[PDB]
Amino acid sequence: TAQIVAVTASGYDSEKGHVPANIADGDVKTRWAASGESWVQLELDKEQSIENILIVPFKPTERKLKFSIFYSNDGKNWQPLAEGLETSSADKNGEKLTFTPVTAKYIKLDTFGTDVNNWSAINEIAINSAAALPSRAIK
(Lines of atoms letter the chains of each structure in order from A and count residues from 1; the text may use other names and numbers.)
(Lines give C-alpha, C1' and ligand atoms only; values in the text may rest on other atoms or scores of the structure.)
Protein backbone atom coordinates (compact mmCIF):
# COMPACT_ATOMS: atom_id res chain seq x y z
CA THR A 1 0.00 0.00 0.00
CA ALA A 2 0.94 3.74 -0.16
CA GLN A 3 3.33 4.76 2.55
CA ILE A 4 1.83 6.78 5.40
CA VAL A 5 4.50 9.00 6.99
CA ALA A 6 2.42 10.91 9.61
CA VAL A 7 -0.93 10.56 11.24
CA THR A 8 -2.68 13.35 13.14
CA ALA A 9 -6.11 13.55 14.85
CA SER A 10 -8.61 15.91 16.51
CA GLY A 11 -8.13 13.92 19.68
CA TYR A 12 -7.67 10.44 21.09
CA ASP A 13 -8.40 8.23 24.10
CA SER A 14 -5.26 9.06 26.09
CA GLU A 15 -6.24 7.01 29.12
CA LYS A 16 -6.30 3.80 27.12
CA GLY A 17 -3.61 4.90 24.63
CA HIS A 18 -5.76 4.62 21.54
CA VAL A 19 -3.39 6.97 19.70
CA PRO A 20 -3.72 8.16 16.10
CA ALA A 21 -0.60 6.24 14.86
CA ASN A 22 -2.45 3.04 15.84
CA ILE A 23 -4.39 3.35 12.62
CA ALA A 24 -1.24 2.90 10.51
CA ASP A 25 0.65 0.20 12.37
CA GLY A 26 -0.54 -2.87 10.40
CA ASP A 27 -1.87 -4.27 13.71
CA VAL A 28 -5.59 -5.08 13.88
CA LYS A 29 -5.31 -5.31 17.68
CA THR A 30 -4.51 -1.59 18.14
CA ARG A 31 -6.80 1.32 17.39
CA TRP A 32 -7.27 5.03 17.30
CA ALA A 33 -10.37 6.11 19.18
CA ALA A 34 -12.01 9.46 19.89
CA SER A 35 -15.42 10.64 21.05
CA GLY A 36 -17.85 13.14 19.49
CA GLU A 37 -17.21 14.61 16.04
CA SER A 38 -13.62 13.74 15.32
CA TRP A 39 -11.02 13.44 12.57
CA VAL A 40 -7.90 11.46 11.64
CA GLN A 41 -5.57 12.52 8.88
CA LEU A 42 -3.01 10.51 7.04
CA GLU A 43 -0.04 12.09 5.25
CA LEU A 44 1.48 10.17 2.41
CA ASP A 45 5.17 10.11 1.56
CA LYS A 46 4.39 12.04 -1.65
CA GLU A 47 1.52 13.42 -3.67
CA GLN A 48 0.24 10.50 -5.75
CA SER A 49 -2.69 8.85 -7.44
CA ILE A 50 -5.20 7.36 -4.97
CA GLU A 51 -7.88 4.83 -5.90
CA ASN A 52 -8.90 2.96 -2.77
CA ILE A 53 -8.74 3.00 0.99
CA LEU A 54 -9.02 0.01 3.30
CA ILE A 55 -10.74 0.62 6.61
CA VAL A 56 -10.84 -1.92 9.48
CA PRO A 57 -13.25 -0.37 12.01
CA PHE A 58 -13.40 -1.56 15.61
CA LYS A 59 -16.04 -4.25 16.31
CA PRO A 60 -17.40 -3.91 12.76
CA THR A 61 -20.16 -6.50 13.15
CA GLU A 62 -21.61 -4.66 16.19
CA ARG A 63 -20.94 -1.05 15.27
CA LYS A 64 -21.28 0.95 12.09
CA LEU A 65 -18.99 3.91 11.84
CA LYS A 66 -20.24 7.09 10.29
CA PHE A 67 -17.68 9.10 8.50
CA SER A 68 -16.77 11.23 5.53
CA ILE A 69 -13.56 11.04 3.53
CA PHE A 70 -11.66 14.07 2.20
CA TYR A 71 -8.44 14.53 0.25
CA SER A 72 -5.96 17.35 -0.28
CA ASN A 73 -2.57 18.26 -1.64
CA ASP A 74 -1.95 21.11 0.80
CA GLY A 75 -3.50 20.01 4.10
CA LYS A 76 -5.67 23.11 4.18
CA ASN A 77 -8.20 22.78 1.31
CA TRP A 78 -10.25 19.58 1.20
CA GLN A 79 -12.37 17.85 -1.40
CA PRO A 80 -14.79 15.01 -0.57
CA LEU A 81 -14.38 11.55 -1.94
CA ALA A 82 -17.68 10.77 -0.17
CA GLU A 83 -19.76 12.13 2.67
CA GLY A 84 -22.05 10.45 5.14
CA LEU A 85 -20.78 6.90 4.73
CA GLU A 86 -21.23 4.05 7.15
CA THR A 87 -19.00 1.08 7.43
CA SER A 88 -20.28 -2.42 6.75
CA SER A 89 -21.39 -4.64 9.66
CA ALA A 90 -21.43 -7.61 7.30
CA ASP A 91 -17.65 -7.37 6.90
CA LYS A 92 -15.71 -9.06 9.75
CA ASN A 93 -12.27 -8.07 8.64
CA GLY A 94 -12.63 -4.62 6.99
CA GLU A 95 -13.58 -3.32 3.58
CA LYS A 96 -11.99 -1.44 0.75
CA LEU A 97 -13.62 1.61 -0.68
CA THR A 98 -12.92 2.34 -4.33
CA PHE A 99 -13.31 5.55 -6.27
CA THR A 100 -12.35 7.49 -9.34
CA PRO A 101 -8.67 8.05 -8.89
CA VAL A 102 -7.58 11.46 -7.58
CA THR A 103 -4.20 13.00 -6.73
CA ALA A 104 -3.56 13.55 -3.01
CA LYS A 105 -0.86 13.87 -0.34
CA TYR A 106 -3.39 13.88 2.53
CA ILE A 107 -6.47 11.89 3.37
CA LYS A 108 -8.75 12.84 6.20
CA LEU A 109 -11.65 10.96 7.68
CA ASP A 110 -14.16 13.16 9.53
CA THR A 111 -15.85 10.75 11.90
CA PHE A 112 -19.15 10.93 13.70
CA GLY A 113 -19.19 7.91 16.01
CA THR A 114 -21.27 4.81 15.48
CA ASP A 115 -24.86 3.64 15.59
CA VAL A 116 -24.06 2.29 19.12
CA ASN A 117 -22.35 5.28 20.88
CA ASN A 118 -20.30 8.40 20.20
CA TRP A 119 -16.90 6.71 19.93
CA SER A 120 -15.15 6.62 16.55
CA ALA A 121 -12.67 3.70 16.67
CA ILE A 122 -10.53 2.36 13.85
CA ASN A 123 -8.05 -0.50 13.92
CA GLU A 124 -6.43 0.09 10.46
CA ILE A 125 -6.51 2.32 7.45
CA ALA A 126 -4.46 1.75 4.28
CA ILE A 127 -4.32 3.66 0.97
CA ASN A 128 -4.12 1.81 -2.37
CA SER A 129 -4.36 -1.48 -0.59
CA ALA A 130 -4.02 -4.74 -2.46
CA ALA A 131 -5.65 -6.74 0.48
CA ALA A 132 -8.20 -9.30 -0.47
CA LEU A 133 -11.16 -7.80 1.26
CA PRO A 134 -14.58 -6.82 -0.02
CA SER A 135 -14.90 -3.82 -1.91
CA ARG A 136 -17.48 -1.09 -2.46
CA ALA A 137 -17.58 1.92 -4.80
CA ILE A 138 -18.12 5.29 -3.23
CA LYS A 139 -19.21 8.63 -4.54
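Don't overthink the numbering: it's just position in the shown sequence, from 1.
Asker: So 6 to 14 or 111 to 119, which one's hotter by mean CA B-factor in the entry?
Answerer: Result: 111 to 119.
Asker: Which is higher on average in the deposited entry, the C-alpha temperature factors of 81 to 89 or of 30 to 38?
Answerer: For C-alpha atoms only, the mean B-factor is higher in 81 to 89.
Asker: Pull the Cα B-factor of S68 out of the PDB entry and bin it into the chain's lowest, middle or highest third.
Answerer: As the PDB entry reports it, the C-alpha B-factor of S68 lands in the lowest third of its chain.
Asker: Ranked by Cα temperature factor within the chain, is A130 in the lowest third, the middle third or the highest third?
Answerer: Answer is highest: the recorded C-alpha B-factor places it there.
Asker: Where does the C-alpha B-factor of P101 rank in its chain, lowest, middle or highest third?
Answerer: Within its chain, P101 is a middle-third residue by C-alpha B-factor, going by the deposited values.
Asker: Quick check for you: using the entry's CA B-factors within this chain, is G94 in the lowest, middle or highest third?
Answerer: Ranked within chain, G94 CA B lands in the highest tercile.
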